[PDB]
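> Submitted below is the structure of interest, expressed as structure tokens.
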Amino acid sequence: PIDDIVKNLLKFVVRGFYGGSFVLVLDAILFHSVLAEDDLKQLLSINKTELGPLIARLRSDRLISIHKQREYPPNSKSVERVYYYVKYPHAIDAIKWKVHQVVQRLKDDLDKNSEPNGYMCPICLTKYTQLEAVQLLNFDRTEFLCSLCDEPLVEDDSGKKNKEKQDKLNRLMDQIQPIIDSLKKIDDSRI
Amino acid sequence: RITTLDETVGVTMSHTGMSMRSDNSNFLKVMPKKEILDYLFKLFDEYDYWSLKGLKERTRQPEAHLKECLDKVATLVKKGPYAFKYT
Amino acid sequence: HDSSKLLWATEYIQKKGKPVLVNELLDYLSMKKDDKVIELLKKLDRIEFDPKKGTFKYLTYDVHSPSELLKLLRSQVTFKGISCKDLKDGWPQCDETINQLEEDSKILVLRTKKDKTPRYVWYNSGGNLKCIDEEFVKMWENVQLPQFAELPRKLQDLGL
Amino acid sequence: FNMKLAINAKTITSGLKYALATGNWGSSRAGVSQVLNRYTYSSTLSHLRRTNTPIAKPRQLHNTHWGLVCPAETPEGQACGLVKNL
Ligand SMILES: [Zn+2]
């Protein structure tokens with residue numbers, strides 16, 4: 001079905017971009033539609049300060065929504081239980097938008113190392129662009145000086161770093177192809 | 001009326017702060033494992049429920065060996081009415 | 001007391017680790033020549049007693065193979081989970097099999113490499129996914145999601 | 001127990017020294033302690049006998065001040081009639 005492909009998508013994303021306890025909680029919610037906080041604590045035998053950041057991380061990524069359910073049973077105690085629930089559409093949207101932001105942020109770094117332009121100053125630790133470089137050129141000197149130091153600059157950026165941004169794009173596409181294929185498979189039915 | 005102490009001051013002022021004189025008044029001053037196992041089973045014969053600290057106060061011996069002897073033949077209940085007790 | 005002889009006899013037969021004859025067990029314990037200890041041993045299901053000759057079997061778990069491990073994992077879905085003690089006592093060095101059981105064939109949580117590592121016994125499907133570069137994970141955590149209804153509007157403008 | 005750590009003297013010393021040092025008497029009360037005016041002898045005599053009244057009209061001279069408060073010796077300004085002299 002289409003609902004199971006969303007589960008495999010969440011397994012691939014949570015397993016692929018986070019540690020183990022994250023898919024421990026994730027599968028703990030995939031097994032029980034309403035998972036209480038006391039069940040996850042006694043399940044993984046983790047502390048409260050260890051269950052906190054995990055749920056907060058799974059909520060910051062819009063993967064799961066919480067439901068603080070009331071309780072007034074036996075001892076008339078207002079026992080509140082945070083039941084976790086998987087938010088399928090918001091999680092899928094988070095995965096798609098995060099993939100888009102990764103592709104866009106890894107595409108911008110390739111255009112910078114494609115052609116060196118700016119310079120750098122070791123003495124005052126201040127960066128200078130080509131504009132300020134040609135604006136700090138003198139007639140009695142043969143190199144671009146520095147207003148702070150009135151000393152020559154060193155050419156920043158190089159073509160050697162351009163080979164690193166391409167490998168990140170190729171490896172990122174090879175590691176994102178099954179994820180984006182699952183996204184294109186789920187987005188057919190809009191579920 | 002109030003009585004004025006007429007002394008040379010240095011004596012009383014010596015009795016004020018540090019005078020190298022303290023106290024002078026009492027106020028607010030306040031093993032073989034098998035034999036230990038057999039003795040523990042005797043204490044169980046007396047009563048099945050006993051706290052580990054009470055057993056350490058009854059057997060009177062090094063406590064490490066007694067803890068090791070309690071972690072083998074007795075189960076430690078942590079909750080309930082017999083909390084922190086071996087049975 | 002005879003109960004200390006019973007628990008001492010069970011701890012001794014656990015020190016042996018293999019089925020021996022009942023008379024040989026009474027001879028290894030020297031002064032423990034009581035039959036009530038043997039009867040209380042027959043009443044004990046922790047150390048199974050086979051009526052054929054002298055045989056003493058030890059349960060926590062009979063899991064010593066990766067397949068039996070997978071089955072014991074499948075018997076914990078939508079329930080709870082055991083610990084490390086029972087497996088390491090039933091089979092020596094389970095962490096080696098855990099490291100050999102790649103991709104969610106045997107999971108754990110590495111806490112500290114100095115306290116025998118408090119383990120974990122659950123199962124899923126892949127779980128590995130370590131091919132995801134650390135740079136891609138760092139770029140995944142730096143993304144700040146637009147809260148409330150701003151995210152669906154930002155996704156409907158892109159066409160997703 | 002120690003008698004040097006139980007009974008402290010800087011509470012009474014700091015309380016009396018601070019209250020008689022500053023104008024406050026602990027803002028409840030202020031302007032109680034003033035520096036002695038040594039401009040002349042009559043300034044010290046008229047200064048020590050000076051009585052103050054914290055803020056019917058209290059500034060006007062009442063008929064009950066006969067022989068008790070000086071009807072002439074009084075400052076001028078904002079504190080007129082609130083300061084009195086014996
Ligand atoms: Zn410079």
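Convention: chains lettered A, B, ... in structure tokens order; per-chain residue numbering from 1; ligands numbered from 1 as shown.
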Around ligand 1, out to 9 Å and counting only C-alpha atoms and all ligand atoms, which residues are there? I want them as a tab-separated table (two decimals) with N, CA and C atoms, in the first residue's frame.


chain	number	residue	atom	x	y	z
A	120	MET	N	42.90	37.45	0.29
A	120	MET	CA	42.95	37.27	1.73
A	120	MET	C	44.21	37.94	2.26
A	121	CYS	N	44.15	38.37	3.52
A	121	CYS	CA	45.27	39.05	4.16
A	121	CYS	C	45.69	38.29	5.41
A	122	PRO	N	46.92	37.78	5.48
A	122	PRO	CA	47.35	37.06	6.69
A	122	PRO	C	47.65	37.97	7.87
A	123	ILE	N	47.98	39.24	7.64
A	123	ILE	CA	48.51	40.08	8.70
A	123	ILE	C	47.40	40.60	9.61
A	124	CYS	N	46.31	41.09	9.02
A	124	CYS	CA	45.19	41.60	9.80
A	124	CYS	C	44.00	40.65	9.82
A	125	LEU	N	44.09	39.51	9.12
A	125	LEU	CA	43.04	38.50	9.14
A	125	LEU	C	41.72	39.07	8.63
A	126	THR	N	41.80	39.89	7.59
A	126	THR	CA	40.64	40.52	6.97
A	126	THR	C	40.56	40.08	5.51
A	127	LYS	N	39.38	39.67	5.08
A	127	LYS	CA	39.19	39.21	3.71
A	127	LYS	C	38.93	40.39	2.78
A	128	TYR	N	39.47	40.31	1.57
A	128	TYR	CA	39.29	41.33	0.55
A	128	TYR	C	38.86	40.69	-0.76
A	145	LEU	N	47.64	46.04	-2.42
A	145	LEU	CA	47.96	46.27	-1.01
A	145	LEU	C	46.71	46.06	-0.15
A	146	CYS	N	46.81	46.42	1.13
A	146	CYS	CA	45.73	46.25	2.09
A	146	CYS	C	45.62	47.51	2.93
A	147	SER	N	44.45	48.15	2.93
A	147	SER	CA	44.31	49.41	3.67
A	147	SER	C	44.73	49.25	5.13
A	148	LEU	N	44.37	48.13	5.76
A	148	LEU	CA	44.74	47.93	7.16
A	148	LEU	C	46.24	47.76	7.32
A	149	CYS	N	46.89	47.10	6.36
A	149	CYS	CA	48.30	46.76	6.48
A	149	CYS	C	49.19	47.36	5.40
A	150	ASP	N	48.62	47.92	4.33
A	150	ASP	CA	49.38	48.48	3.20
A	150	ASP	C	50.45	47.50	2.73
A	151	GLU	N	50.10	46.22	2.75
A	151	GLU	CA	50.97	45.13	2.36
A	151	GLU	C	50.25	44.22	1.38
A	152	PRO	N	50.99	43.52	0.52
A	152	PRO	CA	50.35	42.72	-0.53
A	152	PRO	C	49.43	41.64	0.02
A	153	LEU	N	48.47	41.25	-0.82
A	153	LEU	CA	47.49	40.23	-0.49
A	153	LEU	C	47.86	38.90	-1.15

> What residues in region 25-148 of chain A get the DSSP label strand (DSSP E)? Please answer as a compact mmCIF listing (two decimals) with N, CA, C and O atoms, in the first residue's frame.


# COMPACT_ATOMS: atom_id res chain seq x y z
N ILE A 64 6.66 13.72 14.06
CA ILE A 64 5.58 13.20 14.89
C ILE A 64 4.94 14.35 15.65
O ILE A 64 5.60 15.32 16.04
N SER A 65 3.63 14.24 15.87
CA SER A 65 2.88 15.14 16.72
C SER A 65 2.50 14.42 18.01
O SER A 65 2.27 13.21 18.02
N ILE A 66 2.45 15.18 19.10
CA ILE A 66 2.17 14.62 20.41
C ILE A 66 0.72 14.89 20.78
O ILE A 66 0.08 15.82 20.27
N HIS A 67 0.19 14.07 21.68
CA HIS A 67 -1.18 14.21 22.16
C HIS A 67 -1.17 13.93 23.66
O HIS A 67 -1.16 12.77 24.08
N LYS A 68 -1.15 14.99 24.46
CA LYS A 68 -1.16 14.87 25.92
C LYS A 68 -2.57 14.49 26.36
O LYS A 68 -3.44 15.35 26.51
N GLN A 69 -2.79 13.20 26.57
CA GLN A 69 -4.10 12.70 26.96
C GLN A 69 -4.27 12.74 28.47
O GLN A 69 -3.34 12.41 29.23
N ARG A 81 -0.59 11.62 29.92
CA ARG A 81 0.28 10.74 29.14
C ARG A 81 0.45 11.30 27.74
O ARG A 81 -0.53 11.44 27.01
N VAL A 82 1.69 11.61 27.38
CA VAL A 82 2.01 12.15 26.06
C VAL A 82 2.05 10.98 25.08
O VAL A 82 3.03 10.24 25.01
N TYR A 83 0.97 10.81 24.32
CA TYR A 83 0.89 9.75 23.32
C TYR A 83 1.42 10.28 21.99
O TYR A 83 0.91 11.27 21.46
N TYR A 84 2.45 9.61 21.46
CA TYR A 84 3.07 10.05 20.22
C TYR A 84 2.32 9.49 19.02
O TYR A 84 1.82 8.36 19.05
N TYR A 85 2.22 10.29 17.96
CA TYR A 85 1.54 9.90 16.74
C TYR A 85 2.34 10.37 15.54
O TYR A 85 2.84 11.49 15.52
N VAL A 86 2.47 9.50 14.54
CA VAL A 86 3.26 9.82 13.35
C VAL A 86 2.48 10.79 12.48
O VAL A 86 1.33 10.53 12.11
N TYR A 119 40.51 37.76 -2.45
CA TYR A 119 41.85 37.59 -1.90
C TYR A 119 41.75 37.37 -0.38
O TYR A 119 40.67 37.14 0.16
N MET A 120 42.90 37.45 0.29
CA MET A 120 42.95 37.27 1.73
C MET A 120 44.21 37.94 2.26
O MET A 120 45.20 38.08 1.55
N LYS A 127 39.38 39.67 5.08
CA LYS A 127 39.19 39.21 3.71
C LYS A 127 38.93 40.39 2.78
O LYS A 127 38.25 41.36 3.15
N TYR A 128 39.47 40.31 1.57
CA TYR A 128 39.29 41.33 0.55
C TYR A 128 38.86 40.69 -0.76
O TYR A 128 39.38 39.63 -1.14

> How far is it from CA of residue 46 (chain D) to CA of residue 30 (chain D), in Å with one decimal?

20.6 Å

> Need the shell around region 54-56 of chain B: protein/DNA/RNA residues with any atom at most 10 Å away, counting only C-alpha atoms. Skip same-chain ones fewer than 2 positions apart. Format as a PyMOL selection string?

chain B and resi 40+43+50-52+58-64+66-67+70+85-86

> Could you pull the residues within 12 Å of residue 21 (chain D), counting only C-alpha atoms, minus those fewer than 2 positions along the same chain, as a PDB file with C-alpha atoms, in the first residue's frame?


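Saved to result.pdb:
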ATOM      1  CA  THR D  13      28.226  47.301  65.684  1.00  0.00           C
ATOM      2  CA  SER D  14      27.127  47.669  62.055  1.00  0.00           C
ATOM      3  CA  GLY D  15      23.559  48.491  63.083  1.00  0.00           C
ATOM      4  CA  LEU D  16      24.393  51.219  65.594  1.00  0.00           C
ATOM      5  CA  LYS D  17      27.362  52.530  63.594  1.00  0.00           C
ATOM      6  CA  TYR D  18      25.354  52.506  60.357  1.00  0.00           C
ATOM      7  CA  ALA D  19      22.232  54.093  61.855  1.00  0.00           C
ATOM      8  CA  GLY D  23      20.731  59.851  57.978  1.00  0.00           C
ATOM      9  CA  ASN D  24      18.436  56.824  57.999  1.00  0.00           C
ATOM     10  CA  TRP D  25      17.577  55.084  61.271  1.00  0.00           C
ATOM     11  CA  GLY D  26      16.917  51.626  59.813  1.00  0.00           C
ATOM     12  CA  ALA D  30      15.668  60.231  56.926  1.00  0.00           C
ATOM     13  CA  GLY D  31      17.493  63.387  57.920  1.00  0.00           C
ATOM     14  CA  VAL D  32      17.710  62.390  61.584  1.00  0.00           C
ATOM     15  CA  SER D  33      21.501  62.734  61.908  1.00  0.00           C
ATOM     16  CA  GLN D  34      23.075  65.981  60.687  1.00  0.00           C
ATOM     17  CA  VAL D  35      26.623  67.309  60.855  1.00  0.00           C
TER      18      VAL D  35
END

> Taking only residues of chain C that have an atom at most 12 Å from an atom of chain B, what is each one's shortest atom pair and its distance in Å to one decimal, using only C-alpha atoms, in chain and number order, as CSV?


residue,atom,partner,partner_atom,distance
C:1,CA,B:38,CA,6.2
C:2,CA,B:38,CA,8.8
C:3,CA,B:41,CA,7.5
C:4,CA,B:38,CA,6.1
C:5,CA,B:38,CA,8.8
C:6,CA,B:73,CA,9.8
C:7,CA,B:73,CA,6.6
C:8,CA,B:34,CA,8.4
C:9,CA,B:73,CA,11.5
C:10,CA,B:73,CA,10.4
C:11,CA,B:72,CA,8.7

> Set the cut-off to 8 Å and count only C-alpha atoms: what are the residues of chain A that reach chain C? Output as a PyMOL selection string.

chain A and resi 11-12+15-18+20-21+23+27-28+31-32+43-44+60-61+93-94+97-98+101-102+172+175

> Excluding region 11-24 of chain B and residues on its chain fewer than 3 positions from it, collect all residues at most 9 Å away from it, counting only C-alpha atoms, and give them as a count of residues only.

5

> As an exercise, work out the distance from CA of residue 169 (chain A) to CA of residue 96 (chain A) in Å and give it to one decimal place.

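Pair CA of residue 169 (chain A) / CA of residue 96 (chain A) returns 16.8 Å.
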
> Just to confirm, what's the straight-line distance from CA of residue 5 (chain B) to CA of residue 11 (chain D) in Å (one decimal)?

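About the pair CA of residue 5 (chain B) and CA of residue 11 (chain D): they are 22.4 Å apart.
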
> Where in chain B does DSSP assign helix (DSSP H, G or I), given as a ChimeraX atom specification?

/B:10-16,33-46,52-59,63-73

> Name the residues in contact with residue 24 (chain C) at a cut-off of 10 Å, using only C-alpha atoms, excluding same-chain residues fewer than 5 positions from it; report them as a PDB file with C-alpha atoms, in the first residue's frame.


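Written out: around_33.pdb:
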ATOM      1  CA  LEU C  29      29.247 -31.721  47.201  1.00  0.00           C
ATOM      2  CA  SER C  30      30.758 -34.110  49.798  1.00  0.00           C
ATOM      3  CA  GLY C  54      21.728 -37.688  35.521  1.00  0.00           C
TER       4      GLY C  54
END

> Residues within 8 Å of residue 22 (chain C), please, as JSON, numbers by chain. Count only C-alpha atoms; anything in the same chain fewer than 2 positions from it doesn't count.

{"C": [20, 24, 25, 26, 53, 54, 55]}

> Write to file, as a PDB file, in the first residue's frame, the residues of the selection just made, with N, CA, C and O atoms.


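Contents of out22.pdb, as written:
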ATOM      1  N   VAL C  20      25.802 -33.750  34.700  1.00  0.00           N
ATOM      2  CA  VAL C  20      26.553 -34.811  35.354  1.00  0.00           C
ATOM      3  C   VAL C  20      25.568 -35.721  36.078  1.00  0.00           C
ATOM      4  O   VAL C  20      24.389 -35.402  36.232  1.00  0.00           O
ATOM      5  N   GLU C  24      27.157 -38.504  41.155  1.00  0.00           N
ATOM      6  CA  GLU C  24      28.389 -37.734  41.034  1.00  0.00           C
ATOM      7  C   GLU C  24      28.213 -36.315  41.558  1.00  0.00           C
ATOM      8  O   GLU C  24      29.157 -35.736  42.109  1.00  0.00           O
ATOM      9  N   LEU C  25      27.019 -35.741  41.398  1.00  0.00           N
ATOM     10  CA  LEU C  25      26.752 -34.425  41.968  1.00  0.00           C
ATOM     11  C   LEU C  25      26.747 -34.480  43.491  1.00  0.00           C
ATOM     12  O   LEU C  25      27.239 -33.562  44.154  1.00  0.00           O
ATOM     13  N   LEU C  26      26.196 -35.555  44.063  1.00  0.00           N
ATOM     14  CA  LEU C  26      26.226 -35.711  45.513  1.00  0.00           C
ATOM     15  C   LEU C  26      27.636 -35.987  46.018  1.00  0.00           C
ATOM     16  O   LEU C  26      27.959 -35.654  47.165  1.00  0.00           O
ATOM     17  N   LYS C  53      18.947 -40.972  33.438  1.00  0.00           N
ATOM     18  CA  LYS C  53      20.282 -40.917  34.064  1.00  0.00           C
ATOM     19  C   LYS C  53      20.384 -39.592  34.828  1.00  0.00           C
ATOM     20  O   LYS C  53      19.384 -39.123  35.392  1.00  0.00           O
ATOM     21  N   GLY C  54      21.562 -38.972  34.872  1.00  0.00           N
ATOM     22  CA  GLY C  54      21.728 -37.688  35.521  1.00  0.00           C
ATOM     23  C   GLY C  54      22.008 -36.579  34.529  1.00  0.00           C
ATOM     24  O   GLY C  54      23.109 -36.495  33.975  1.00  0.00           O
ATOM     25  N   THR C  55      21.016 -35.724  34.294  1.00  0.00           N
ATOM     26  CA  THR C  55      21.140 -34.637  33.331  1.00  0.00           C
ATOM     27  C   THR C  55      20.527 -33.379  33.920  1.00  0.00           C
ATOM     28  O   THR C  55      19.377 -33.398  34.372  1.00  0.00           O
TER      29      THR C  55
END

> Sort by chain and increasing residue number a table of all residues of chain B within 7 Å of chain D, each with its closest pair of atoms and their distance in Å to one decimal, counting only C-alpha atoms, and write it as a tab-separated table.


residue	atom	partner	partner_atom	distance
B:17	CA	D:4	CA	6.9
B:27	CA	D:1	CA	6.8
B:28	CA	D:1	CA	5.6
B:29	CA	D:1	CA	6.0

> May I have the selected residues written with N, CA, C and O atoms, as a PDB file, in the first residue's frame?


ATOM      1  N   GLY B  17      37.624  37.680  71.408  1.00  0.00           N
ATOM      2  CA  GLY B  17      37.986  36.878  70.256  1.00  0.00           C
ATOM      3  C   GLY B  17      38.782  35.638  70.602  1.00  0.00           C
ATOM      4  O   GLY B  17      38.530  34.986  71.619  1.00  0.00           O
ATOM      5  N   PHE B  27      28.092  21.723  75.718  1.00  0.00           N
ATOM      6  CA  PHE B  27      26.835  22.271  75.209  1.00  0.00           C
ATOM      7  C   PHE B  27      26.818  22.098  73.699  1.00  0.00           C
ATOM      8  O   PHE B  27      27.685  22.640  73.008  1.00  0.00           O
ATOM      9  N   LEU B  28      25.837  21.347  73.194  1.00  0.00           N
ATOM     10  CA  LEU B  28      25.709  21.063  71.764  1.00  0.00           C
ATOM     11  C   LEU B  28      26.984  20.436  71.204  1.00  0.00           C
ATOM     12  O   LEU B  28      27.451  20.792  70.121  1.00  0.00           O
ATOM     13  N   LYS B  29      27.553  19.490  71.951  1.00  0.00           N
ATOM     14  CA  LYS B  29      28.800  18.844  71.568  1.00  0.00           C
ATOM     15  C   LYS B  29      28.596  17.514  70.853  1.00  0.00           C
ATOM     16  O   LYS B  29      29.563  16.986  70.291  1.00  0.00           O
TER      17      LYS B  29
END
